[PDB]
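Structure at a glance
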Amino acid sequence: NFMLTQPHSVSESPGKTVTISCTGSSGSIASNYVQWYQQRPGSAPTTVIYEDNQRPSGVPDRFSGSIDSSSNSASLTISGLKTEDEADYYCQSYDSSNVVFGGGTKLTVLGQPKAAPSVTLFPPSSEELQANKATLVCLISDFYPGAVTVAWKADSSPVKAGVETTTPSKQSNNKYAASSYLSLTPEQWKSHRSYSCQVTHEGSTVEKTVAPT
Amino acid sequence: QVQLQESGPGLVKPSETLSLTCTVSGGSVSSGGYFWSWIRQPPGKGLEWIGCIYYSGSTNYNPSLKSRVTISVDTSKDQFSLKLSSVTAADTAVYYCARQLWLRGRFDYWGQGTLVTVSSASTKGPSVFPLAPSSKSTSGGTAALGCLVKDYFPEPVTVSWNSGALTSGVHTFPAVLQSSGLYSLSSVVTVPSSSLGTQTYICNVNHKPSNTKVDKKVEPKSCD
Amino acid sequence: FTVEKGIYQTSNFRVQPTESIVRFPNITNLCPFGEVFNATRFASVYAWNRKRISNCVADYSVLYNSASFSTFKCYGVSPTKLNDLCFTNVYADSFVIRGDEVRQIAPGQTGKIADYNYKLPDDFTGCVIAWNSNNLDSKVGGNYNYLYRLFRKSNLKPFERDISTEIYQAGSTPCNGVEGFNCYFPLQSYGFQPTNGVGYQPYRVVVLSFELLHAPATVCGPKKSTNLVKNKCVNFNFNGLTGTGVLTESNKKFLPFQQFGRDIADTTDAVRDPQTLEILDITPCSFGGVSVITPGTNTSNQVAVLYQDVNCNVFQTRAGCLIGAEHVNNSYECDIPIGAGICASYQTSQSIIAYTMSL
Ligand SMILES: *[C@@H]1O[C@H](CO)[C@@H](O)[C@H](O)[C@H]1NC(C)=O
Ligand SMILES: *[C@@H]1O[C@H](CO)[C@@H](O)[C@H](O)[C@H]1NC(C)=O
Ligand SMILES: *[C@@H]1O[C@H](CO)[C@@H](O)[C@H](O)[C@H]1NC(C)=O
Ligand SMILES: *[C@@H]1O[C@H](CO)[C@@H](O)[C@H](O)[C@H]1NC(C)=O
């Protein structure tokens, strides 16, 4: 029942010094060796320290680790933060024949200003209608911050059944992109006079509408 | 040096048996007196230790993963494989085969992580539908058009415009789980409205696991 | 710039070795050392067992793959690279301690045990191996057989044992060794119990320090055994010398107590293989230098290269190896001497030939 406690979110501006902790609950932190792993997103983790004070060949000298055994906490000191340091940090232990990892630390740095979400609405196609299906697609693009709330409308009544939306994702031009999909029956598409998708972004609302034509 | 490469299918059905084998090149399994271990990592979550093996029959497993991890070493093929039983939807994690020099110490060499997805459906092809631009689809001097990919299994699906000739303004969105099992996404491109009726735009959606390639032309909406 | 007919020595031919095979041991063994980690009973911290190991092959891989030690601490040297590194002596300091005092056993920590029983210096390069064996050294009803020290007058030197049973004095009034006022006994009994938790059970803590002085390696890690190669110029190191040469099959046996073999000229040219008790000879490869046969200025341009004492267009003469001059069975009067009764000359186009000289 030994678990390593790590700060979930840690942020610091480049060039300063930050300390990442790793606290053990039951077992003492000087009992077993502690290994810190720095893992890039979409990449294999790499060992950046070993034996709790020794840096492997290849990593910079700044990856310095210290042990505070009185508080049962393992510390990893980072000096001179850079761009490439933004990665997940995990601390490792062994306990007793059962390797236990840490919670995880997300080294943060502190690039697009507020951007308006261009909105486009697409009606269902005739080929989809011949397949006894219908889908309303709302597109959300070129916006910042990456937090947009969508709300489908059937003329005036809000629509929630069959609504599928995507989390915002960063674009190539530093902005964000998102989408919303409204699964619908062919009968329900023509039952209402018009359908609309409303996008709320930083208070401002951008609305498009479509009709069966 | 030495390297660690994983194999096995990237998909597994619920309540089934997982078969992932990690092979070794540039070294020997039995020689050197080192260990092997399997470590998984869910997307957005921390690393989880599964178990460790020696070149002999010595095995130790995580208490939360006990009585379900079966790992064996075949020195003839210079590889070791892990078998998992009763896989659920919460077992979706990136499996890493890492070499371990010290049993209490670092995993010095990490293999590239294969993606394992557990879903409950039959592998089905995608349904590509055209996304017709119109007067309500343009805001200013530019318009938008795309293609809809709905009701497919599994990820990933690649969409290319004009056989990759059109890349500027193309936005491929990540998939989202539908209300019933399957996924859905779309790929759209922003274009000036002057070339709507004079240029042909064809989307190429490919689904390799189902072996389906669909080319769908995009045309402006015709009122009927 | 003008070269006349004759033999000219330019350089020497060197046969550089291509492989380096070294094999000290044949197998792996260990002296009785696990008995102190598996004894019937242990000792206290006021008087701990001290073990010295001398002239004994010993691997630390067996002492690690037990998968039963709860804790493990070794500073000064990496755990995976300590076997091949060789020291002089290993000191084993075995004692018992509670679960809340394994934390204080580290270089640079204070407390009541690490300062009154065993002080760890800053330059501590040993390993600490500790594990739980509460099912043998504890019993119901109260196991008080283990002792520890609580009071001390002042600090104590590292690697020093104190067994003083004198009553510690806190004030200025003597007590004459009674259980009176302003004095207390320094030695106190433990509180071990088999039904304890995870922080007060008796743990076995051992310390394995290393000795570094002007002495050769006595007890350390052995080496691996490579493949045996013969009849090739291969460098070897068989326990006394790093010699390069061929290893031929000898026909002379040694007495079953020797390892080396010398000759009349006092050169080690025979060593018994420790792997299979095979007697192998040693012979150097690089013999002599090179020589060049030149027909002369304004006669020819091509030359012939002669090796002095090297065994191999190409003619194997009795005076080494001759390349670049064909051999002809007839005999004329010779002009450019080579040795062993065969000369070389430039005759009939026309090329350099070698023949036995005519008297
Ligand atoms: C070393 O061990 C091998 C295998 O056990 C044996 O064949 C050889 O004779 C041994 N050499 C000795 C004891 O010198
Ligand atoms: C002590 O003895 C037990 C049982 O005889 C054995 O399993 C163990 O390896 C020995 N050594 C240690 C360090 O426990
Ligand atoms: C020279 O070497 C060859 C092959 O290694 C061997 O057959 C020959 O006997 C050698 N010459 C002498 C004089 O030993
Ligand atoms: C030279 O002549 C003798 C005569 O029998 C013959 O044996 C030998 O092979 C000849 N050598 C050459 C190089 O022709």
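Residues numbered from 1 in each chain as written, not as in the entry; some residues may be left out. Chains lettered and ligands numbered in written order. Part of a larger assembly, values for the part shown. Heavy atoms only, no water. Residues with missing side-chain atoms left out of burial classes, pairs and counts.

Per the deposited record, the coordinates in this entry were obtained by cryo-EM to a resolution of 6.05 Å.

Structural notes on the interface of chain A and chain B
Accessible area lost on assembly of the parts is the figure often given for the size of an interface. Of the residues lining the interface, 47 residues belong to chain A; the matching set on chain B comes to 48 residues. Across the chain A/chain B interface, buried area totals approximately 4,000 Å², and carbon plus sulfur atoms make up 60% of it. Among the residues chain A hides against chain B, the three largest losses belong to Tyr 94, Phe 122 and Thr 213 of chain A. Together they make up 15% of the total. Applying the counting criterion to the chain A and chain B interface returns one salt bridge. The partner of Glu 127 of chain A in a salt bridge is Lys 216 of chain B, and the shortest N-O contact between them spans 2.4 Å. (Contact = heavy atoms within 4.5 Å. Buried area = accessible area lost by both parts, 1.4 Å probe. Salt bridge = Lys/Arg side-chain N within 4 Å of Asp/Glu carboxyl O.)

Structural notes on the state of the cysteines
Residue and element names in this part refer to chain C. Following the criterion strictly, the structure yields 11 disulfides over all chains and no others. Paired through a disulfide, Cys 175 and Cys 183 show a sulfur-sulfur distance of 2.0 Å. One quick way to see it: the torsion about the S-S bond of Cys 175 and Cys 183 is about -120°, and its sign makes the bridge left-handed. In terms of burial, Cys 175 and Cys 183 fall into one category: buried. (Disulfide = S-S within 2.5 Å. Buried < 20%, exposed > 50% of the residue type's maximum accessible area, 1.4 Å probe, protein only.)

A word on the pairing of strand β5 (residues 90-97) of chain C
All names here are of chain C. In terms of residue burial, β5 counts as a mostly covered element, since seven of its eight residues are buried. In terms of strand pairing, strand β3 (residues 49-53) meets β5 through five bridges, oriented antiparallel. For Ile 53, the partnering residue across the bridge sits in β5 and is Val 90. Judged from the eight bridges that link them, β5 and strand β11 (residues 203-210) form a sheet pairing that is antiparallel. (Helix = DSSP H or I, 4+ residues; strand = E, 2+ residues; numbered from the N terminus. Pairing = 2+ DSSP bridges.)

A few points about the nonpolar core
Among the nonpolar cores identified, the biggest contains 42 residues, and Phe 101 of chain A, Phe 107 and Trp 110 of chain B together with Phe 72 and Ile 129 of chain C are the most heavily contacted of them. Of all the secondary-structure elements, those providing two or more residues to this core are β4 (35-41), β5 (48-53) and β9 (94-100) of chain B together with β4 (71-74), β5, β6 (127-132) and β11 of chain C. If we ignore the near neighbours within four places in the chain, the residues touching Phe 107 of chain B are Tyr 37, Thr 47, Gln 92, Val 99 and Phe 101 of chain A together with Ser 37, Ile 39, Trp 49, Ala 98, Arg 99 and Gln 100 of chain B. Judged by nonpolar contacts, the second largest core, of 32 residues, contains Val 137 of chain A together with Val 159, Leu 182 and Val 188 of chain B. (Core = buried A, V, L, I, M, F, W, Y, C linked by side-chain atoms within 4.5 Å.)

Remarks on the sheet that holds strand β13 (residues 149-154) of chain A
Residues and elements named next belong to chain A. In spatial order, the strands read β14-β13-β18-β19; together these four strands make up an open sheet with antiparallel pairing. Of all the strands in the sheet, just β14 (157-159) and β19 (204-210) have a single pairing partner and so form its edges. When strand polarity is set aside, the average angle formed by the axes of neighbouring strands in this sheet is 30°. For β13 and β14, the ladder comprises three bridges, and the chain directions are antiparallel. (Axes fitted to C-alpha atoms, helices over the stretch in contact; angles between N-to-C directions.)

Focus on the layout of surface pockets
Any empty space left between the atoms is revealed when a probe the size of a water molecule rolls over them. The volume enclosed by the largest pocket comes to roughly 1,000 Å³. Taken together, 34 residues line the largest pocket, and the ones lying closest to its centre are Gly 32 of chain B together with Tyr 60, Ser 61, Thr 80 and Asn 83 of chain C. If you list the elements that add at least two residues to the lining of the largest pocket, you get β6 and β11 of chain C. Broken down by class, the residue content of the lining of the largest pocket amounts to 19 nonpolar, 10 polar and five charged. (1 Å grid on protein atoms, 1.4 Å probe; cavity = no way out; pocket = protein on both sides within 12 Å on 5 of 7 lines; lining within 4 Å. Points joined across faces, edges and corners; volume = space filled by probe spheres on them. Nonpolar A, V, L, I, M, F, W, Y, C, P; charged D, E, K, R; others polar.)

Comments concerning the pairing of strand β14 (residues 270-273) of chain C
Where a strand is regular, its side chains alternate between the two sheet faces. Residues and elements named next belong to chain C. Strand direction decides the pairing type here: β14 and strand β15 (residues 278-281), joined by four bridges, are antiparallel. Counterpart to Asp 273 in the pairing with β15 is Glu 278. In sequence, β14 turns back onto β15 through a hairpin of four residues, with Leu 277 there showing a positive phi of about 55°.

Some remarks on the interface of chain A and chain C
Listed as interface residues are 12 residues of chain A and, on the opposing side, 11 residues of chain C. Summed over both sides, the interface between chain A and chain C buries roughly 980 Å², with carbon and sulfur atoms accounting for 42% of that surface. Per-residue buried area on chain A facing chain C is highest for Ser 31, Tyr 33 and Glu 51 of chain A; these three make up 40% of the total on that side. For the interface between chain A and chain C, the tally reads zero salt bridges. At the junction of chain A and chain C, the tally comes to five residue pairs in polar contact. (Polar contact = N/O pair within 3.5 Å; in protein donor to acceptor, adjacent residues only side chain to side chain.)

Overview of the packing of aromatic side chains
Residue and element names in this part refer to chain C. If you walk through the whole model with that rule in mind, you get 36 aromatic pairs over all chains. Geometrically, the ring pair formed by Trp 48 and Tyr 118 is edge-to-face, given 6.0 Å between the ring centres and 85° between the ring planes. Linking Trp 48 in the loop between β2 (20-21) and β3 with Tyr 118 in the loop between β5 and β6, this pair joins segments that are 70 residues apart in sequence. By relative accessible area, which is 5% here, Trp 48 ends up buried. (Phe/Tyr/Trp six-rings, centres within 6.5 Å; stacked < 30°, edge-to-face > 60°.)

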